[PDB]
Amino acid sequence: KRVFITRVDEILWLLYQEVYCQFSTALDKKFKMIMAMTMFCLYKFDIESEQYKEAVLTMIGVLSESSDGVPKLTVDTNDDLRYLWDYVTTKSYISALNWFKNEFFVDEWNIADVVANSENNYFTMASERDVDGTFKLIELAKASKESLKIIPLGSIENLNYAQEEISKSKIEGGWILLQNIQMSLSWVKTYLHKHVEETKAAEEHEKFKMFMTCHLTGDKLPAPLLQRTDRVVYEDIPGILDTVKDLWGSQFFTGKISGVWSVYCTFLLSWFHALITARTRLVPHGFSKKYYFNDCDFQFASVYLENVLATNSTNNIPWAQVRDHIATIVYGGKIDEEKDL
Amino acid sequence: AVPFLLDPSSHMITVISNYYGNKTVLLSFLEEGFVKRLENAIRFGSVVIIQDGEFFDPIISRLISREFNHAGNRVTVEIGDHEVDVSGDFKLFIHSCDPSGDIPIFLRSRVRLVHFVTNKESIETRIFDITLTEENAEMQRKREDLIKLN
Amino acid sequence: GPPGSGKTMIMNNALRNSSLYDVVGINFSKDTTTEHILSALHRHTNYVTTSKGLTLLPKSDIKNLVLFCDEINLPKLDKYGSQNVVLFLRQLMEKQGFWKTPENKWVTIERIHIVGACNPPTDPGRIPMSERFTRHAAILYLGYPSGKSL
Amino acid sequence: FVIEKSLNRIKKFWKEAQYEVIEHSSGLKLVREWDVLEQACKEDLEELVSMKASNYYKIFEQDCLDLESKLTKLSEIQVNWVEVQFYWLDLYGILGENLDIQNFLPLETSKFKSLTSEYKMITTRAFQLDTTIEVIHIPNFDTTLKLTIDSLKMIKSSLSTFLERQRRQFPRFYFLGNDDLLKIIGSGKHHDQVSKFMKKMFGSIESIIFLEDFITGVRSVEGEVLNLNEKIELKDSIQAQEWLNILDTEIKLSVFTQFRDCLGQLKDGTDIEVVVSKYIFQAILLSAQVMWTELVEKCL
Amino acid sequence: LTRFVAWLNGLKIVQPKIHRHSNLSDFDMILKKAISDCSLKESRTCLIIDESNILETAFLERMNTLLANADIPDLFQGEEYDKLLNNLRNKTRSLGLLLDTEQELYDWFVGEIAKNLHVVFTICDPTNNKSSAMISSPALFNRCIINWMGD
Amino acid sequence: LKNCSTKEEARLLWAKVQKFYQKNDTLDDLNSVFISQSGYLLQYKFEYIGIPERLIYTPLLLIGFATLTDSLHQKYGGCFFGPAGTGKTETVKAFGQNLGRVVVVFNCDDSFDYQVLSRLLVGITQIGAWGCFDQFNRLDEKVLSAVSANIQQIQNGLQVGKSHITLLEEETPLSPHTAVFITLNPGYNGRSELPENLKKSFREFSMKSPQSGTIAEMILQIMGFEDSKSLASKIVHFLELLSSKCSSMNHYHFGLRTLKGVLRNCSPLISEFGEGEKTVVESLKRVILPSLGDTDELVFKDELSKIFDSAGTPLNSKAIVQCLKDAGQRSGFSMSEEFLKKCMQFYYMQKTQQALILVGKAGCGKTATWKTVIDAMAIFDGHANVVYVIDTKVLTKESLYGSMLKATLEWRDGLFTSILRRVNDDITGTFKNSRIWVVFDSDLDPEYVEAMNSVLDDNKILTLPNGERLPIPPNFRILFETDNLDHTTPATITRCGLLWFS
Ligand SMILES: Nc1ncnc2c1ncn2[C@@H]1O[C@H](COP(=O)(O)OP(=O)(O)OP(=O)(O)O)[C@@H](O)[C@H]1O
Ligand SMILES: N#Cc1c(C2(c3ccc(Cl)cc3)CC2)nn2c(O)c(Oc3cccc(Br)c3)cnc12
Ligand SMILES: [Mg+2]
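Residue numbers (the deposited numbering), protein chains in the order written: chain Z, 3654 to 3658, 3669 to 4004; chain D, 3403 to 3552; chain P, 2418 to 2567; chain B, 1365 to 1664; chain W, 2769 to 2919; chain A, 1715 to 2216.
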């Protein structure tokens, strides 16, 4: 219905633009590029000639390894194309994959754009364990000047406090977040499913908005509950230096009381954690398989450093035993393959 | 002919009940008291709907493949050893919850299979009806007022 | 031998004239059990207890008894390839006995003979029997009788 | 029409209702095979309900309404009666037999016997009517059974808090369970049967050695005998929890005693071969570990 | 058509009344009933079976044993054999022919079955794995006059 | 520590070793001794443990101890996954014994309900003992969810330090000494994982198995050390070279299981020759040689003489040869050199093991072989031989082993257990003066041998679903006569004596 607010030739193109503008936000980057290239093929194969189809099919077969041929580009079609072929001869894949996206000429909807545009009270942003969409909500709820409850789903008392805050916050109208809904899914199907599955009235639509944090890798959420709520995937990956500043910023909250050398050791631990986390994303190259690393490893490594520094003289000696301890107990615990060790 | 209502979207089992009123018994092949209550129902002449069609219980075959040993005064059917009298007014419906459920070939060749299953090809039917609703309100008005005034 | 090579007819003729070798016929299929074999034997056979031979199983008379176990290579083996009934028959030849598992005592067999009959293992659905079993038998081949003799 | 043909068979069936009755050890007679009659009752109730959709029954109804009103109360008494049966038969094997367990709980058994008498009255009187349907005409039967199962439930609730408090006194009893603890409490006078459970509530030791007056020590599952320093006294006015708690602390103190004694001997230049035949394994292991790390600290 | 032609021949008809819960024990009672009628009552029954009725392979194994011979030993095992023997003695002696030893009467029995029992298999779709197993079974295949009532 | 360069490696090594100190000024005797490792401390509890079995100290065992004390230092629950057979619970129990604690093990899903599990959790939460959840992945989803909730309450009460916690809606005190450990069998989508609620409260470890040189050296140190390092190196190199040159056969198993068997066979043979390399050579030729084929026997000989040549002529070369020839003559057999060789081989092998496996083609002569050896023994030793022959796959497991009835508890012994009962309880007849030969002549599979696996283990016990353990005497020996090992595990093969009739 949104498409309205050569007639066929216009409304069809604006429909392709509307489909990519709306459903791409609920998909990850890989499926975003799959949908962009595909839909582009479904639009261009019917309008243009067969030569255009044959050229695009042979270029996709050169990006893949199905069939590799280098036909004539077409005649005087160099302006329309030859750029993906130019990206092919240079063996560059990011520009060639983003060319199909630049072709849509669609402002890629940010999570702020979907939350502002859509008129619904339930949203679920599932993501990998690498990142968390909470920090995005911190700025987005502050920009909307709402509030942002962060109700952690912990024990039975946490569950009771969660349902109490839900039943009050919907009346007050403040935004709430439910971190890690996957672990309390058993409680979800009993209470939360029945609670938010059926819409009640406009009383909650005017003020109240609810958010749920899920994880892509993990248990499957119920189908009626997932269909009722809008879906987003927070896929914003921060930089290495940015993660270093984020880890360094957290250190002076609690404070350091051991000594000045412990500060230097903590700085080294922050760089080490950011570099392992940087190597984590690269699964085929680098780490043999994908290992998930949390801040608990940062905590255990920090406590081991304070324990060894509190009982040892200021000489350069403990660097012999700290390294093995980290690579075998703190971080080498999850790793099973010796190559990654 | 026994209708077989294939609607995953449960709804038919309500419209039927809203039509026939209080005399709609609802049954199931998985309710293990089924056989005696079904026997009882046909003796009473109730309307019956049976849930979970992707199951069948061959004893019911004589209701499906119409057969009734004729009597003079009455009309009787062996639902097992139970030589049951048919109260005339009886009506059997079967329902089923999913097309991935297999239909035994015995049923599938006697019973009137009907699908209420939502079909994507409703996009093809409906989006034109909305395209014209935003293209020409007056002609889509004429398209309906012609036949209804007629 | 192939299907219809007078495999049974030859046995039946040879032994019908004879007064010494009576016949039991046991036609196997996909899932025959050893209990079926013992149930077949029960009508013709008798059991006697002896300390020296534990439970002797003679036949219920003075003759000899031939178990014609037809289609012996069809019983469906388990996934490891073990077809337990062929092993049981191996036990009957090689060991002259078997274990009686409700009693947990050994049974020695007295005068019972085994005859197999089979259609070649290359035919559809046939199972290659264990060599450890087949090693005990004098295998013969029969073929169709040349057309002219027919 | 067929309405009559069905009511006839229903009434025919219900004028033949018999219950299998068999008497257990004490005077009371238990009833066997509840499910047949109950299932028939429920089946006939659904048929009587379904008889309301017919058209040829309007004038033909009143009789069937009386029949329905009878069968509904029949099922009402059915449920409560089977529940009473089950709960009494369960509490009987716990309280109706032992003398020590009822000496510990005089009130609940004092009530149990008073319940058993009335139950005997009702059951005998009910069985001798010779028609299971006519039982509903016996006065005060539904309310009787209602208050009887209420009293049984109260007794059974009481029967569990005493055990839970006994578990709170000695937390090893959590491993045992209800049945074994009941035998330990009843058989506390005899004192030998507790030894079988000792492997469960300890895990290391196997049996307890006696000298018919006191506990000299205990032996493990391997066969090694442990001798206690302080012998445990036994008297008539004692509970299992008391001497069991004293035993629990005493074995730990005796382990420490032989450990410091072993360490003192090993410090006094002794052979390991003479010590092994005299002290337990655990003491010589720890004393050897302490002396080994002590000598290797200066060796470093 | 089979019921019609049975009616023409004055055969009794049998159709097993099996459903979602009938088991081997029940199908065993059916067959013992049928065989007793065919022999003791001489009733000449056309036993009509459809593939839908053999919802497990044990029924098919039994039908192989039946058509391969003219009996199921398991149906007449133990004390039931002795009872059966008594009935047959009585039966034979009721007809005035006298046989003494068990073998003679059992041969008579089996021959009477072999002439008084007619089994008819309908099969709706040959390509079903069960149907394929019934066609491929040698005990069935080497007895049944296969006829195609195709389409 | 002696081989370290300076004090730096010595202190690095000493930090990892468990140090047992004592407090002199304690006056709190039960709390006197404490254990220091890598800087963390742990109080020794004076709980009686009896005489428990001790694991071989290996580097990976100390790494597992370091992971446990590291998690306990921060009051975190311990848990480690890995393939089965690496000693997860044995490590946890050994960790408890080292501190004088009896770890209560909870066996799960083996028709194990949830009521009694909660009763054990409340009791261990009061006593302050240590609980280990052995193989936690095999659980039902409803029971696993409720138990995981209870574990979450326990660990959160430990981390925060609450004295009283609400478990089973029951208020109960919490002693600070309780700890919970979770061992995880390997999954089927990969390695099994924990539920999401428990991930932020436990510390996962990758537990596997060790290599071979170190353990080989340690065992050689036990048996008599002379040249422990060189002998271990030569044995490992010899096994690697055998795996290198010998044909790729299915039943070939040259892993650590095989070398532990070779060393356990070397132990009683040292008493015959001495703590030299010659004993190792003879053990290898007793164990490995009968399992190799004609094509591989010469490979074995060549590589053996290559890496180390020790002796030339064996003992017991003639009285047994005579008795065998007499036995074969009584049977009317021709005493071929191959038959003689295999008879003597089998005769020697059966001296130190009870589970024999004889493999070959149908008609090889294996049954004649073992019966002739039995008769020869009956002559030479003067002991009797009782033989039972069980064509086991004709029987069901239930007809062989026992079972439970419909509701009655009465136990059907099953054939193999009933005969074992007779072999032990009888105490009338010369079974103690007899060799008892129970032959399982059939193709063997995993399911049946799994139901009796503890007989192949060093336990030498038949374990039964009935909960009873039947210790087997030395008189009892078992022969799996068969023609193939395709569906047999290496775990079983390495506990048996294998004889390949080439
Ligand atoms: N020592 C011997 N001297 C002469 N002939 C022998 C000797 N040993 C075996 N044979 C012959 O080889 C035959 C086959 O060996 P055997 O009977 O032991 O079969 P098997 O190896 O046990 O095979 P299966 O696996 O089939 O049981 C014997 O029947 C015998 O005739
Ligand atoms: N009548 C008859 C009959 C004959 C004939 C025959 C041939 C030669 C002679 Cl001298 C006399 C008669 C009439 C042509 N062949 N024939 C068989 O081949 C049989 O073979 C079997 C047996 C069991 C399983 C399978 Br599969 C096949 C069984 N019966 C017969
Ligand atoms: Mg053999």
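Here a beta-carbon is modelled for each residue, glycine too, at the ideal position from N, C-alpha and C.
Given a threshold of 16 other Cβ atoms within 10 Å of its Cβ, counted over all protein chains shown, does residue i qualify as buried or as exposed?
i               : result
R3944 (chain Z) : exposed
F3657 (chain Z) : exposed
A2907 (chain W) : buried
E1411 (chain B) : buried
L2567 (chain P) : exposed
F1916 (chain A) : buried
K2469 (chain P) : exposed
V1443 (chain B) : exposed
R2830 (chain W) : buried
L1630 (chain B) : buried
Closer than 6 angstroms by C-beta to residue i: which residues in its own chain qualify, once you throw out the five before and the five after it? Chain order, please.
i               : result
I2104 (chain A) : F2154
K2780 (chain W) : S2811, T2813
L1755 (chain A) : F1748
Is residue i near ligand 2, in the sense that its beta carbon is under 6 angstroms from a heavy atom of that ligand?
i               : result
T2539 (chain P) : no
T2066 (chain A) : no
Does residue i come out as helix, strand or coil in the three-state DSSP assignment?
i               : result
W2516 (chain P) : strand
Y2438 (chain P) : strand
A3990 (chain Z) : helix
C2814 (chain W) : strand
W2523 (chain P) : strand
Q2036 (chain A) : helix
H2886 (chain W) : strand
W1398 (chain B) : coil
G2533 (chain P) : strand
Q1492 (chain B) : coil
By Cβ distance below 7 angstroms, which residues in the same chain neighbour residue i in space, the five residues on each side in sequence not counted?
i               : result
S1515 (chain B) : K1475, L1479
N1591 (chain B) : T1580, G1581
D2796 (chain W) : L2843
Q3914 (chain Z) : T3929
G3447 (chain D) : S3489, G3490, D3491, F3492
Excluding the five sequence neighbours on either side, which residues of its own chain have a C-beta within less than 8 angstroms of the C-beta of residue i, listed in chain order?
i               : result
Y1483 (chain B) : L1392, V1448, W1452, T1512
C2078 (chain A) : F2215
Confirm the yes/no value for this check: CB of residue i, any heavy atom of ligand 1, distance under 6 angstroms.
i               : result
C2078 (chain A) : yes
State yes or no: is the C-beta of residue i nearer than 6 angstroms to some heavy atom of ligand 3?
i               : result
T2825 (chain W) : no
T2203 (chain A) : no
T2081 (chain A) : yes
By C-beta, the residues closer than 5 angstroms to any heavy atom of ligand 2, given in chain order: P:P2420, P:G2421, P:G2423, P:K2424, P:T2425, P:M2426
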